[PDB]
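Accompanying notes for the structure given below.
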Amino acid sequence: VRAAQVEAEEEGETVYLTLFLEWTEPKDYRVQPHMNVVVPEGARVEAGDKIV
Amino acid sequence: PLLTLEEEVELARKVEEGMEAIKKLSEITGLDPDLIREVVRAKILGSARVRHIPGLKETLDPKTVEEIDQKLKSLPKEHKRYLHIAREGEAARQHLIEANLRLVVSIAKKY
DNA sequence: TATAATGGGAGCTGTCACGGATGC
């Protein structure tokens with residue numbers, strides 16, 4: 001995970017940091033021999049696009 | 001070499017989808033699915049094999065197959081896609097037959 | 001027209017008398 005934009009509010013002896021974060025969460029899929037992959041390596045997908 | 005279940009299903013699928021591609025392509029072009037099939041087959045196999053087919057209404061020669069292939073190359077991207085599908089299909093077919101040639105021997109040795 | 005099945009067998013043996021072609 002990486003921090004894109006960082007905002008800081010000073011309150012008392014402390015700071016409250018609002019962090020805009022961008023990261024990636026992995027999800028595995030198991031391909032059976034009767035199935036074929038419709039997507040290349042490292043291609044970008046959206047909601048509704050078919051991987052397999 | 002002998003096909004794994006995966007390789008087999010892949011080749012089979014490519015063949016079937018290839019036939020479908022030729023059909024859709026005939027719908028688009030308005031040509032004869034047979035003539036189209038023979039042209040795609042011709043280009044896959046090469047000019048090494050070119051001969052007039054009895055079912056065809058036209059004499060099949062490199063001139064006519066070049067005319068037809070050029071009219072196939074003039075299609076829009078989404079339509080010209082089906083050509084690549086067809087070619088892939090034919091290649092898959094050849095590799096399938098060549099792959100399963102052993103079974104024929106094993107069956108015929110009993111005859 | 002659909003379980004899956006993926007490389008074949010029989011040879012066949014007591015003649016020389018060689019001719020020209022082919023081989024270290």
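Here's the picture: charge each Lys and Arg Cβ at +1 and each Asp and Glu Cβ at -1 in chain A, and of A:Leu17, A:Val52, A:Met35 the one pushed furthest to the positive end of that dipole is A:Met35. List the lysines whose Cα sits under 26 Å from the Cα of B:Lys43, skipping any in the same chain fewer than 8 residues away. Of all the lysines, those that pass the test against B:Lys43 - Cα under 26 Å, at least 8 places apart if same chain - are B:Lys14, B:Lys23, B:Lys24, B:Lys57, B:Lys63, B:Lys71, B:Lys73, B:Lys77, B:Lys80. With the helix formula -39500 (n - 2.57) applied to DSSP H stretches of n ≥ 4, chain B reaches a computed 222 nm mean residue ellipticity of -25500 deg cm²/dmol.
The label-point distance for B:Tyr111 and B:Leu75, in a model that sets each label 7 Å from Cα toward Cβ, rounds to 3.7 nm. Among B:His95, A:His34, sorting on how many other beta-carbon atoms sit within 10 Å of each Cβ, with the fewest leading, yields A:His34, B:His95.
Across every direction, the projection of the convex hull enclosing the Cα atoms of chain A has a mean area of 5.8 nm². The mean sequence separation of alpha-carbon pairs under 8 Å and at least six residues apart, normalised by the residue count of chain B, gives a relative contact order of 42 percent. Charge tally around B:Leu75: other residues with Cβ under 13 Å, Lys/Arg +1 each, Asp/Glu -1 each, net +3.
Taking the mean number of other Cβ atoms within 10 Å as a proxy for protection, how do you rank B:15-24, B:60-69, B:35-44 from highest to lowest? Write out the running numbers ahead of the final one.
Working: B:15-24: 17.7, B:60-69: 15.1, B:35-44: 21.0.
The packing order, highest mean first, is B:35-44, B:15-24, B:60-69.
The Cα-based radius of gyration of the protein assembly as shown, divided by its Kirkwood radius, gives an Rg/Rh of 1.28. Put the Cα centre of segment B:59-77 next to the Cα centre of segment B:6-39 and the gap is 16 Å. Principal axis extents of the Cα atoms in segment B:14-64, from largest to smallest and rounded to whole angstrom, are 25, 22, 18.
Convex hull volume of the Cα atoms of segment B:66-111, normalised per residue: 85 Å³. Picking from B:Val105, B:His84, B:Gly55, whose Cα lies most toward the positive end of the charge dipole for segment B:24-111 (charges on Cβ: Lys, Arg +1; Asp, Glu -1)? After comparing all options, I get B:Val105.
The eigenvalues of the Cα gyration tensor, multiplied by 5 and square-rooted, give chain B an equivalent ellipsoid with semi-axes of 28, 18, 11 Å from largest to smallest.
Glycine also receives a Cβ, built like all others from the backbone with ideal geometry; neighbour counts cover every protein chain displayed. Each value in this text was obtained by applying a stated rule to the coordinates, not by laboratory testing.
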